[PDB]
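This document starts with one chain, in the form deposited in one PDB entry, laid out as structure tokens.
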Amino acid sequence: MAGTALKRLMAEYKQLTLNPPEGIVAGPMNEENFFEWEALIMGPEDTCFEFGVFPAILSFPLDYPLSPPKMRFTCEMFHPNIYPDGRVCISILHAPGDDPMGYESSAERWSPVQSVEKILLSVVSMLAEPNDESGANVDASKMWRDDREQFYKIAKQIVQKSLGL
């Protein structure tokens, strides 16, 4: 349940502190309860999410690092590989077997926990390279596949709203 999860997140902590990855800013919500972290997703440069600073919360289960954590963006977002409810529905934070709709588990899925740094870099990859995996947000995948221009402008608008406009 606990302990090995906490220690895993302490390892995540330390290396994140020592070797801070670009675009990712994250720390636990009160050093007592390491089972939830807050993160700032600095939008990939040269993309429609650049200037955006997307805050999110990561909820860690009493099954870490065996089981995939939970993640949601707090000032919402708009991307096909993300739920319209804001919750993060990404291919790498998904469990092998938790692949609905139609696609196969031959794609990349929950590894030996990966690392939070790997996970959020996958988020960055997702934001500079829009992947419509599954299509959690069908409306977002629709407008991404149909009119990229529309997606692009929505992306910029989320960017400014994340700043507070």
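For every residue, the number given is its place in the sequence shown, counted from 1.
The form deposited with a partner chain bound is left out here; the points below concern that form.
Proximity to its partner chain in the entry with it bound, defined as a heavy atom within 4.5 Å, singles out one entry of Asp139, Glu129, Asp98, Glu31, which is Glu31. Heavy atoms of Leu121 never reach within 4.5 Å of its partner chain in the entry with it bound, leaving it off the interface.
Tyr152 falls outside the set of residues with a heavy atom inside 4.5 Å of its partner chain in the entry with it bound. Among heavy atoms of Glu133, none comes within 4.5 Å of its partner chain in the entry with it bound. By the criterion of a heavy atom within 4.5 Å, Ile24 is counted among the residues contacting its partner chain in the entry with it bound.
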